[PDB]
Amino acid sequence: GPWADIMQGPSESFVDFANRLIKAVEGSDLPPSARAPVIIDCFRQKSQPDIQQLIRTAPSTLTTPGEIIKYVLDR
Amino acid sequence: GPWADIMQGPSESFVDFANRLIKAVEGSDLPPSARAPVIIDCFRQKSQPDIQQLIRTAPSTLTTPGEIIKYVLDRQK
């Protein structure tokens with residue numbers, strides 16, 4: 001898919017990474033109901049390694065992208 | 001998408017529900033890499049309400065449908 005080579009660059013902020021990813025996911029042919037899960041999955045597997053680890057520790061109640069973004073920024 | 005009306009019936013096992021969901025998701029035109037995220041999101045949204053609660057407390061390291069299925073079976077056991 002068109003968001004698939006998107007990964008957080010070594011000097012890229014999590015915000016800027018997130019924006020690129022959300023734009024590419026939303027601009028794709030995915031059904032809308034698939035966007036947020038695809039987005040969160042990409043946060044988990046495509047982020048900088050310390051962010052991937054940060055994300056691993058996050059309550060699984062957090063199921064919107066906004067909440068994961070807020071969770072990462074608060075640390 | 002074609003999996004969007006699939007919900008766990010009041011006398012349907014979680015395994016049987018999961019199996020219909022997985023089949024609908026696999027035969028769709030979702031990118032393969034979107035299947036696991038979508039299936040798990042459907043488990044969260046469309047399962048029987050006690051299964052949903054069970055899943056609410058599952059570790060977020062359990063990211064394959066298969067692991068969630070095992071976790072639900074292990075927790076009812």
# chains A, B, ... in the order shown; residues from 1 in each chain; ligands from 1

$ interface_residues --of "chain A" --to "chain B" --cutoff "9 Å" --atoms "only C-alpha atoms" --output "PyMOL selection string"
chain A and resi 1+4+30-31+33-35+37-38+40-41+55-61+63

$ residues_around --residues "residue B:6" --least-positions-apart "4" --cutoff "9 Å" --atoms "only C-alpha atoms" --output "list in words"
residues 2, 17, 20, 21, 24, 42 and 46 of chain B

$ atom_distance --atom1 "atom CA of residue B:26" --atom2 "atom CA of residue B:65"
12.2 Å

$ select_by_dssp --residues "chain B" --states "alpha helix (DSSP H)" --output "VMD selection string"
chain B and resid 14 to 27 35 to 46 49 to 56 65 to 76

$ write_last_selection --atoms "C-alpha atoms" --output "mmCIF file, in the first residue's frame"
data_model
loop_
_atom_site.group_PDB
_atom_site.id
_atom_site.type_symbol
_atom_site.label_atom_id
_atom_site.label_comp_id
_atom_site.auth_asym_id
_atom_site.auth_seq_id
_atom_site.Cartn_x
_atom_site.Cartn_y
_atom_site.Cartn_z
ATOM 1 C CA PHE B 14 -15.460 -16.591 19.707
ATOM 2 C CA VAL B 15 -13.423 -19.016 17.532
ATOM 3 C CA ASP B 16 -16.315 -19.421 15.014
ATOM 4 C CA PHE B 17 -16.930 -15.671 14.910
ATOM 5 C CA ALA B 18 -13.131 -15.025 14.493
ATOM 6 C CA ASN B 19 -13.049 -17.558 11.666
ATOM 7 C CA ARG B 20 -15.844 -15.901 9.660
ATOM 8 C CA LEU B 21 -14.242 -12.484 10.245
ATOM 9 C CA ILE B 22 -10.761 -13.678 9.122
ATOM 10 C CA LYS B 23 -12.206 -15.252 5.966
ATOM 11 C CA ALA B 24 -14.106 -12.075 5.033
ATOM 12 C CA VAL B 25 -11.020 -9.934 5.663
ATOM 13 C CA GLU B 26 -8.659 -12.243 3.688
ATOM 14 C CA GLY B 27 -10.922 -12.510 0.608
ATOM 15 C CA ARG B 35 -5.605 -7.507 7.630
ATOM 16 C CA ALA B 36 -4.244 -8.207 11.102
ATOM 17 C CA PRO B 37 -4.892 -4.604 12.366
ATOM 18 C CA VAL B 38 -8.388 -4.635 10.916
ATOM 19 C CA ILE B 39 -9.286 -8.090 12.256
ATOM 20 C CA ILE B 40 -8.176 -7.161 15.792
ATOM 21 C CA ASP B 41 -10.088 -3.871 15.616
ATOM 22 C CA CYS B 42 -13.187 -5.906 14.637
ATOM 23 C CA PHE B 43 -12.599 -8.260 17.607
ATOM 24 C CA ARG B 44 -12.636 -5.154 19.821
ATOM 25 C CA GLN B 45 -15.734 -3.612 18.291
ATOM 26 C CA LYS B 46 -17.894 -6.535 17.174
ATOM 27 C CA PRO B 49 -19.519 -7.698 25.349
ATOM 28 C CA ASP B 50 -17.702 -9.965 27.810
ATOM 29 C CA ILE B 51 -15.205 -10.898 25.062
ATOM 30 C CA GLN B 52 -14.687 -7.177 24.361
ATOM 31 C CA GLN B 53 -13.862 -6.623 28.036
ATOM 32 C CA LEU B 54 -11.500 -9.581 28.072
ATOM 33 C CA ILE B 55 -9.731 -8.063 25.074
ATOM 34 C CA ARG B 56 -9.628 -4.536 26.716
ATOM 35 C CA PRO B 65 -5.434 -12.428 15.491
ATOM 36 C CA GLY B 66 -4.130 -15.880 16.523
ATOM 37 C CA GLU B 67 -2.642 -14.592 19.802
ATOM 38 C CA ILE B 68 -5.819 -12.753 20.675
ATOM 39 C CA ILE B 69 -7.823 -15.950 19.942
ATOM 40 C CA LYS B 70 -5.491 -17.940 22.275
ATOM 41 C CA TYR B 71 -5.702 -15.246 24.979
ATOM 42 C CA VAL B 72 -9.540 -15.325 24.877
ATOM 43 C CA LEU B 73 -9.652 -19.170 25.053
ATOM 44 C CA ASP B 74 -6.989 -19.239 27.803
ATOM 45 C CA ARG B 75 -8.894 -16.657 29.827
ATOM 46 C CA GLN B 76 -12.237 -18.483 29.642
#

$ closest_residue --among "A:3, A:19, A:70, A:14" --to "residue A:47" --atoms "only C-alpha atoms"
A:14
